[PDB]
Structures are given as C-alpha cells and as structure tokens.
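Taking it in order: structure first as structure tokens, then the write-up.
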Amino acid sequence: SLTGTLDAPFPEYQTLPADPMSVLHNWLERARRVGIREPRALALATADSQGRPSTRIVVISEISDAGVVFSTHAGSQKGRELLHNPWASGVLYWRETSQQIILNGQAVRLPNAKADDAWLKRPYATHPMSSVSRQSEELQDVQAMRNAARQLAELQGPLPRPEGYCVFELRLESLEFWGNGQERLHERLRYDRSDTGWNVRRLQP
Amino acid sequence: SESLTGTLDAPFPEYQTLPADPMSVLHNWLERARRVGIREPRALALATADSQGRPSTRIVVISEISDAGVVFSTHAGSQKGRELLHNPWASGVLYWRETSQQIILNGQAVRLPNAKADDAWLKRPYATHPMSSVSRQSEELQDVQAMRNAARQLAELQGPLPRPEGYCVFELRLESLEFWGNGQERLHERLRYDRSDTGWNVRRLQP
Ligand SMILES: Cc1cc2nc3c(=O)[nH]c(=O)nc-3n(C[C@H](O)[C@H](O)[C@H](O)COP(=O)(O)O)c2cc1C
Ligand SMILES: Cc1cc2nc3c(=O)[nH]c(=O)nc-3n(C[C@H](O)[C@H](O)[C@H](O)COP(=O)(O)O)c2cc1C
Ligand SMILES: O=C(O)[C@@H]1CC=CC2=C1N=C1C=CC[C@@H](C(=O)O)[C@@H]1N2
Ligand SMILES: O=C(O)[C@@H]1CC=CC2=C1N=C1C=CC[C@@H](C(=O)O)[C@@H]1N2
C-alpha cells in the first residue's frame, strides 16, 4: 500500500545516535525542508480507566527537551482520560517518504501561564469557536453554537483564554523511527529511556 | 497558523440527516476517498493498550470492511498482537489531509480463524512472503545482514510460501465511531455513534 516517492534517508539506522531527541528534531526538520504535508498531525492515543484506547489527531505545537507539546480542552475525552491515566502514545506517518515516528510517554498538563501564551499564539479567528464549544460534549443545537460564535467573531481579538483550554507535554519514555528500508526489511529504530540516558535497539519488521 | 491544508470538497450530508446505520457512512466516505484519489485512505493509526492500560500506536492497513467493522492482518507476537490477545479493546483513526476528514473507529478486535489467515496470506503478493516469514515482528533484530540473507534465500522460490505461524487476521468489531469534517466557520462537524442494545445511538459532538 505504500506510495512514497520523496527521498527518505535513514542514516541513524546505521549509526545508532545516542540521543533520540536529536533524531526527532532532524527528522522533523527534514520533513519541513522536503515539504511533507502536515507532518505534525499526530494520531494520539489515550485510554480510559478500563484500559480501552481512544484516538484522534492533534497537532504537535513544539518539541521540548522532554518530548512534544500540544493543546486541547481539559474536558474533552482525551483530557479526561489523561487526567486519570497519563500514559499516551502517538504516531506520525508521512506517506510521501514512507516514514513513521511513534512517541510513547506520560502527558502532563502545563501551568496556566503556558496555556495563556499558547492561546495568544493561536490565530484570533479561532478564539470564538474555542470559547463557545465545550469540546466533545453533546451538541444539542448547531445553529445556536454557530450564532454565539458569530457574535464573538465580531470582536477584535484576542479573547480571554477559556478555562479548559490547556497545554499538555508528552514526556517521552520510548520512541520508534520507522522507514521502509530495502527488500521489505523495514528499518525500525527503537529507543527506551534508562536511569542514565537511553537504550537503543533495532526491531524486526 | 492553523494546520489544515485540505481543499477538496467533502460532502457531509450525514451530519444533517443522522443515518441510523453508521457502516453506511463509513462505506460512503471510503468510496468517495477512492473516487477522488485520496492518498492511502486506509492507513489506520491503530492504538492498543498493555496490561496496565498504557497505549501503543502504529499504522496498519485496513484490508476489508466487514459487517461488524474493519479487518487487518499482523503478527500475533508483535506488540499489538500480544496486547490485543490480552485486552481486545482498540481504537484507530483515519485522517485524510486532502479533505480534512477524520474517522475514528473504536471496538474489540477478534482474531479470525486460521482458514481466514491462510486466505489473507495467499492474497498478498508472493514477493512479501520471504520477509514476513523470517521476521519475528517487533522482537529485537540482532543481525540485519543475516535476516536479509535468509529472506533472499527464500525469495529464490519465486512463488508462495506456507503461512507462517503467527501471521493472523483481526476483525475490529466496532462499538463506536466518529466521523469528523471541517465544517463551516470552524464549527467542525462531529457525528458520533455508539452501539445500543438494538442498533445505534447517534449524536453530534461539540468541536
Ligand atoms: C488535522 C487535525 C488537527 C487537530 N488538532 C487538534 C489539536 O491540536 N487539539 C485538539 O484539541 N483537537 C485537535 N483536533 C480535533 C481532534 O481530532 C478531536 O476532534 C478533538 O480534540 C476531540 O477529541 P476527543 O473527543 O477524543 O478528546 C484536530 C483535528 C484535525 C483533523
Ligand atoms: C503505511 C504502513 C502500513 C502498515 N501496515 C501494516 C499492517 O497492515 N500490518 C502490520 O503488521 N504492520 C503494518 N505496518 C507496520 C506497523 O506500522 C508496525 O511497524 C508493525 O506492525 C509492528 O507494530 P507493533 O510493534 O506496535 O506491534 C505498516 C506500516 C506502514 C508505514
Ligand atoms: O504492505 C503494506 O501495504 C504494508 C506496508 C508496510 C509494512 C506492512 C504492510 N502490511 C503488512 C500486513 C501484515 C503483516 C506485515 C508483514 O508484511 O509481515 C505487514 N507490514
Ligand atoms: O488549528 C489546527 O491546526 C487544528 C486543526 C483542527 C481542529 C483544531 C486544531 N487545533 C486545536 C488546538 C486546541 C484546541 C482546539 C480548538 O481550536 O479549540 C483545536 N482544534
């Protein structure tokens, strides 16, 4: 099913760099240079108190020292799940280069001053709907929501940050970099955090 | 900047009409994705969870849509296979950049009989058989060249091999679905289905 047609170098599969955050930064920078479409669209999995997963796309806003950062609403399914079970996993998949990056760890809600900054960095045209919507609750009246947001759209932004608008940091415990390789020997480079740094392994395809 | 790049029209009448039977909406969206040329529409980001409820994710391909859900193949000894065998609950997401559509598929995965696995294996191009035979998916790879040389020796057959132990087919039998579209004025359109005792409950969700 693969369709990749842009160059996809994976020298790290040979050299086994010690720091997977450096690999992550370099893969993302390469993705930006070669023009991958929506490279930061992360399929993010959380799980409820029974261990049942749920998934959705979120956008990675930043790569931090400990992992990756995204924004969402605290009262959404993902926010409620993360509040009780911080473990999460996300995958980036770039069709053009046949590459995946899998990111596993614990996601921690950051303080309100970080949320305030993230909110002000969103285009102000986003503020009305984000203010009126209680993400993932049932929507009883579509027109009423549309009209309330239109009222707020008439203002000069920015609007106040809504209470539940929050930023999570996914602090990584493991990562995998996947490339298509040659001869169906797909190339899998797996990192796991240790007490003192990171361990690295190749995995069978 | 907002990150959506989609520009293709993506009709979502079902958000207005609330069909009682969500598999018809799945079929409608996948057929349109095929007709308009969405790239790899069946690449599913599939989440499973370990014995402590810690999720893991990877892409798999949806091979078929069944009456109860969607079907994919994998190795039983992989991380996803070992997780599913202990905890059948899974969730997957399809995301189509070109139309700004997402499909979220939640349910329980059931391993299908070996006869089904045999049929799926034989439907794969036989060029895929050597590596799938020698690789113990997700175990540590200690010698890349040894695995390469082994698979090359099997590839000399130039014909189908027996199905390997552990090559398996799962059906994700759905208990809930969501269809997400970009909508108008950032009122993203979220159509959520949950199985009921008889049929399905359908709701719209706030974006
Ligand atoms: C490409 C794309 C990017 C998205 N980015 C985010 C995001 O960063 N944060 C967010 O809360 N929702 C984002 N969404 C909406 C989510 O996919 C989802 O509908 C929402 O967060 C509610 O998920 P939940 O009900 O599982 O918690 C995005 C959707 C798409 C299609
Ligand atoms: C586009 C794409 C499709 C894939 N399809 C499958 C598949 O259908 N079944 C499978 O076992 N692995 C598939 N893989 C490989 C998986 O992403 C993954 O590496 C492998 O299943 C091991 O996952 P696990 O260690 O989490 O169990 C695919 C990879 C890509 C990039
Ligand atoms: O061929 C494809 O479309 C995908 C792409 C890459 C990897 C991949 C694919 N499909 C698989 C189906 C079953 C198990 C596995 C294998 O070959 O052993 C496998 N992996
Ligand atoms: O703007 C983007 O790139 C994405 C695309 C689509 C939906 C979406 C996006 N980013 C969000 C960030 C925080 C919460 C949520 C919101 O606006 O309330 C949100 N939703």
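Identifiers in this document derive from the order of the structure tokens: chains are assigned A, B, ..., residues are numbered from 1 separately in each chain, and ligands are numbered from 1 in order of occurrence.
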Contact check, chain A to ligand 4, at most 6 Å, counting only C-alpha atoms and all ligand atoms, closest pairs as JSON lines:
{"residue": "A:71", "atom": "CA", "partner": "ligand 4", "partner_atom_place_in_ligand_line": "13 (C)", "distance": 4.6}
{"residue": "A:72", "atom": "CA", "partner": "ligand 4", "partner_atom_place_in_ligand_line": "14 (C)", "distance": 4.0}
{"residue": "A:73", "atom": "CA", "partner": "ligand 4", "partner_atom_place_in_ligand_line": "14 (C)", "distance": 5.9}
{"residue": "A:126", "atom": "CA", "partner": "ligand 4", "partner_atom_place_in_ligand_line": "17 (O)", "distance": 5.9}
{"residue": "A:130", "atom": "CA", "partner": "ligand 4", "partner_atom_place_in_ligand_line": "18 (O)", "distance": 3.9}
Could you please extract the residues within 8 Å of ligand 3, counting only C-alpha atoms and all ligand atoms, and hand them back as a ChimeraX atom specification? /A:1-2,180,184,186,205 /B:60-61,72-75,128-129,131-133,135,137,167-168
Output the selection as a short mmCIF file (atom, residue, chain, number, x, y, z; two decimals), in the first residue's frame - N, CA and C atoms for each residue.
data_model
loop_
_atom_site.label_atom_id
_atom_site.label_comp_id
_atom_site.auth_asym_id
_atom_site.auth_seq_id
_atom_site.Cartn_x
_atom_site.Cartn_y
_atom_site.Cartn_z
N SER A 1 0.80 -1.24 0.00
CA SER A 1 0.00 0.00 0.00
C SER A 1 0.83 1.28 0.00
N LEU A 2 2.14 1.16 0.19
CA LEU A 2 2.96 2.37 0.36
C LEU A 2 2.98 3.10 -0.96
N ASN A 180 10.91 2.57 5.32
CA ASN A 180 10.56 1.44 4.50
C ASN A 180 11.74 0.51 4.23
N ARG A 184 11.92 -5.03 1.68
CA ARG A 184 10.89 -5.22 2.73
C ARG A 184 11.47 -5.40 4.12
N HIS A 186 12.01 -3.59 6.63
CA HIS A 186 11.69 -2.24 7.07
C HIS A 186 12.60 -1.94 8.27
N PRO A 205 11.06 -6.33 11.39
CA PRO A 205 9.91 -5.69 10.72
C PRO A 205 8.58 -6.40 10.77
N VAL B 60 -1.48 0.47 10.56
CA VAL B 60 -1.78 -0.77 9.86
C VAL B 60 -2.71 -0.44 8.72
N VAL B 61 -2.83 -1.31 7.74
CA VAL B 61 -3.75 -1.12 6.64
C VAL B 61 -5.06 -1.87 6.83
N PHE B 72 -7.80 -6.20 9.50
CA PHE B 72 -6.40 -6.00 9.19
C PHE B 72 -5.61 -7.28 9.53
N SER B 73 -4.40 -7.39 8.97
CA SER B 73 -3.50 -8.51 9.25
C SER B 73 -2.27 -8.03 10.00
N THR B 74 -1.69 -8.90 10.81
CA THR B 74 -0.46 -8.58 11.52
C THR B 74 0.17 -9.87 12.04
N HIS B 75 1.20 -9.74 12.83
CA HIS B 75 1.77 -10.90 13.53
C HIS B 75 1.30 -11.03 14.96
N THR B 128 6.13 -10.58 -0.88
CA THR B 128 6.10 -10.18 0.54
C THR B 128 6.34 -11.37 1.49
N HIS B 129 6.24 -12.59 0.94
CA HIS B 129 6.28 -13.76 1.79
C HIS B 129 7.63 -14.01 2.49
N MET B 131 10.13 -12.04 3.69
CA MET B 131 10.49 -11.26 4.88
C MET B 131 9.49 -11.51 5.98
N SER B 132 8.21 -11.64 5.59
CA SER B 132 7.18 -11.91 6.59
C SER B 132 7.35 -13.24 7.27
N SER B 133 8.02 -14.14 6.57
CA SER B 133 8.30 -15.48 7.11
C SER B 133 9.49 -15.47 8.06
N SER B 135 10.89 -12.81 9.63
CA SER B 135 10.86 -11.81 10.69
C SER B 135 9.92 -12.18 11.84
N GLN B 137 8.12 -10.26 14.06
CA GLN B 137 7.79 -8.81 14.13
C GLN B 137 7.91 -8.24 15.53
N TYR B 167 1.11 -15.43 11.64
CA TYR B 167 0.50 -14.48 10.72
C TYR B 167 -1.00 -14.58 10.90
N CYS B 168 -1.64 -13.51 11.31
CA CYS B 168 -3.04 -13.56 11.73
C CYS B 168 -3.85 -12.38 11.20
#
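Near stretch 30-35 of chain A, within 9 Å and counting only C-alpha atoms, sit residues 6, 7, 94 and 97 of chain A, not including residues fewer than 6 positions from it in the same chain.
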Measuring between only C-alpha atoms and all ligand atoms, which one of B:174, B:161, B:93, B:154 shows the shortest distance to ligand 1?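 Of the candidates, the smallest distance to ligand 1 is held by B:93.
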Kindly compile the residues surrounding ligand 2 within 9 Å, counting only C-alpha atoms and all ligand atoms, and format them as an MDAnalysis selection string. (chainID A and resid 1:3 93:95 98:100 102 176 178:180 186:188 203:205) or (chainID B and resid 40 42:48 56:63 72:83 137:139 167:168)
Among B:142, B:99, B:16, B:163, ligand 1 is approached most closely, using only C-alpha atoms and all ligand atoms, by B:99
Which residues are near ligand 1 in this structure, taking near to mean any atom at most 6 Å from a ligand atom and counting only C-alpha atoms and all ligand atoms? Format them as a PyMOL selection string. (chain A and resi 41+55-59+70-73+76-78+136) or (chain B and resi 4+100+102)
